[PDB]
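The structure under discussion appears below in the form of structure tokens.
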Amino acid sequence: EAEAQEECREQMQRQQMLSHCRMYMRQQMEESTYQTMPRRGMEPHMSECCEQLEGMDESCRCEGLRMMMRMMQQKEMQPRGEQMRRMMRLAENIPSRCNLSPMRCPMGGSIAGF
């Protein structure tokens, strides 16, 4: 855990992506029909949160998802087994879209390219 972690954690507050992100979860509920992300112009809902990570420092991005993921469920752990289960894969895809060759993640002093 690098001392610069504070910069990351602090910035996370600014990155209030969880608001739109939370909306995305709800969107998943309604989107339960079309949830399958189409190549032709993907859903903007996901893109909304994408900018936040994308705007968040790379090293901070690692901690961001971890903190946000836990915070998301904590804020309002949506109740759903089969439905949300599918969302899991989609969830990882959201940050993939903004993901970028990460050199090192100060999250527990990663070894390889986290």
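Residues in the sequence shown are numbered consecutively from 1, following the authors' numbering. Built from N, CA and C at the ideal position, the CB exists for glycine as well.
Item to check | the stretch 49-59 / the stretch 13-33 touching (three or more Cβ pairs under 8 Å) | outcome: yes
Checklist entry - Whole-angstrom Cβ separation of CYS8 and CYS49, contact assumed at under 8 Å? => result Actually they do not touch by this definition, with Cβ atoms about 17 Å apart.
Checklist entry - Counting Cβ pairs, one atom from each stretch, are 3 or more of them under 8 Å apart for the stretch 101-113 and the stretch 68-85? => result no
Item to check | Residues of its chain near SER32, where Cβ-Cβ distance is below 8 Å and the 5 sequence neighbours each way are ignored | outcome: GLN83
Checklist entry - DSSP three-state call for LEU65: helix, strand or coil? => result helix
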